[PDB]
Amino acid sequence: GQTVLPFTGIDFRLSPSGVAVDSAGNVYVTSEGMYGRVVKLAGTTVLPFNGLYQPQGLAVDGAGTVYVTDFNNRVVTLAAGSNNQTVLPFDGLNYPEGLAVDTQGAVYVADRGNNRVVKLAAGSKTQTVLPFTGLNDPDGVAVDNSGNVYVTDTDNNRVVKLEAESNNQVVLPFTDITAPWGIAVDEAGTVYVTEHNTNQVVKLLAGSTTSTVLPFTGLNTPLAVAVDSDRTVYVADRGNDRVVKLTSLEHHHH
């Protein structure tokens, strides 16, 4: 049932490390590589970020601002239709991977080299380190509408939720999760994760005790995942230089 998104007119291998989807259903991908790019499928274009070096993760907020991590160890943002990027004041990032943006503009980064997740509130000049414990190469972060934060503890083969109320770390009941990397949370609290070296994508329903394997086929190193308002799931299928899409919408009287 999946489809491959038709990125056309492109002079470089797509190398998709990250994937985000805005309200209009524009799809954005970080194209890894020495000369990093963010590519936007509507036709296809390239956003005027300058000097991206191996960009690893992206997110798009409700205003259409695109936020990107890269291996210059920073987060760059581009406001919709701007051609002037700004570098957010994160400190000490070491191989930032996935990032997330919550409804108040706060930016969260899986800081893989420091085995932590860092937070920067909107307009603040200093970051916070979130109270996770025992992380080993976190690659992916997601934040729900309830301020719960979710991380892929990659080398621990687990996903941890820092609950907004208790500030407790819960190892979410994924079933046999391996080397989880990409993650997203949809508006129903459902958590999607890529198991990146085992080439599956799994989901966990909010408040549920176990998980399921989404019916993707032919994945090769899925490193990110997004989900739109139709609860369509998009995957950065990194080894295949493509993004694949899987719709969840029900079929009338079938």
Side-chain angles (χ1 to χ4, degrees), residues 16-21 27-30 56-61 67-69 75 95-102 106-112 115-119 130 132 134-164 169-176 178-186 188-206 208 210-214 216 219 221-228 231-238 243-246:
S17 61
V19 69
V21 69
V27 177
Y28 310 73
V29 300
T30 37
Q56 291 304 305
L58 49 26
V60 61
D61 71 9
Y67 302 65
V68 182
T69 60
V75 171
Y95 305 110
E97 301 282 354
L99 57 43
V101 51
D102 74 18
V107 183
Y108 301 69
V109 177
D111 187 24
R112 172 203 103 213
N115 295 341
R116 68 182 176 169
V117 177
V118 305
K119 168 174 187 200
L130 302 184
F132 284 96
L135 307 166
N136 188 8
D137 298 345
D139 284 294
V141 72
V143 67
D144 70 21
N145 276 322
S146 276
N148 298 307
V149 176
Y150 300 83
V151 182
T152 51
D153 203 353
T154 296
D155 295 51
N156 296 332
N157 307 299
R158 60 184 198 163
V159 184
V160 177
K161 170 196 208 180
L162 173 79
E163 300 186 323
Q169 211 174 265
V170 314
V171 181
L172 287 182
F174 284 89
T175 304
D176 205 15
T178 297
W181 189 302
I183 189 176
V185 59
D186 74 16
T190 298
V191 175
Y192 303 84
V193 165
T194 78
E195 299 190 65
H196 82 304
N197 58 22
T198 207
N199 311 323
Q200 310 183 173
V201 182
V202 296
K203 77 180 157 162
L204 184 75
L205 277 145
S208 159
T210 104
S211 85
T212 28
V213 175
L214 286 85
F216 290 94
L219 302 188
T221 328
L223 296 183
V225 67
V227 62
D228 67 19
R231 292 113 120 290
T232 296
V233 186
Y234 300 79
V235 176
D237 184 18
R238 168 68 253 254
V243 174
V244 309
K245 179 174 80 143
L246 194 75

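In this chain, numbering begins with 1 at the start of the sequence shown.
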Under 3.5 Å, side chain of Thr30 to main-chain N/O of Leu58, donor-acceptor pair present?
-> no

Answer whether the closest heavy-atom distance between the side chains of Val185 and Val143 falls below 4.5 Å.
-> no

Please test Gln200 against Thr178 for side chain to side chain contact (heavy atoms under 4.5 Å, CB included), starting from the C-alpha separation and ending with a verdict.
-> CA-CA 9 Å; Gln200 310 183 173; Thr178 297; over 6 Å; no

For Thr69 and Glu97, indicate whether the former's side chain and the latter's backbone hold a donor-acceptor pair under 3.5 Å.
-> yes

Is a donor on one side and an acceptor on the other found under 3.5 Å between the side chain of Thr152 and the backbone of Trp181?
-> yes

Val101 backbone acceptor or donor facing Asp61 side chain under 3.5 Å = no

Side-chain touch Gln169/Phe132, heavy atoms, less than 4.5 angstrom | yes

Are the side chain of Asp237 and the backbone of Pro222 linked by a donor-acceptor contact shorter than 3.5 Å?
-> no

Dump the intermediate steps for side chain to side chain contact (heavy atoms under 4.5 Å, CB included) on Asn115 and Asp137, then the final yes or no.
-> CA-CA 5 Å; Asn115 295 341; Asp137 298 345; 3.8 Å; yes

Distance-minimising heavy-atom pair for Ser146 and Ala164 | O-CB, 3.2 Å

Short side-chain to backbone donor-acceptor contact, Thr154 and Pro180, under 3.5 Å = yes

Can you check whether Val191 reaches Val193 side chain to side chain, under 4.5 Å on heavy atoms?
-> yes

Backbone N or O of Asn136 within a donor-acceptor pair of the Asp153 side chain at under 3.5 Å?
-> yes

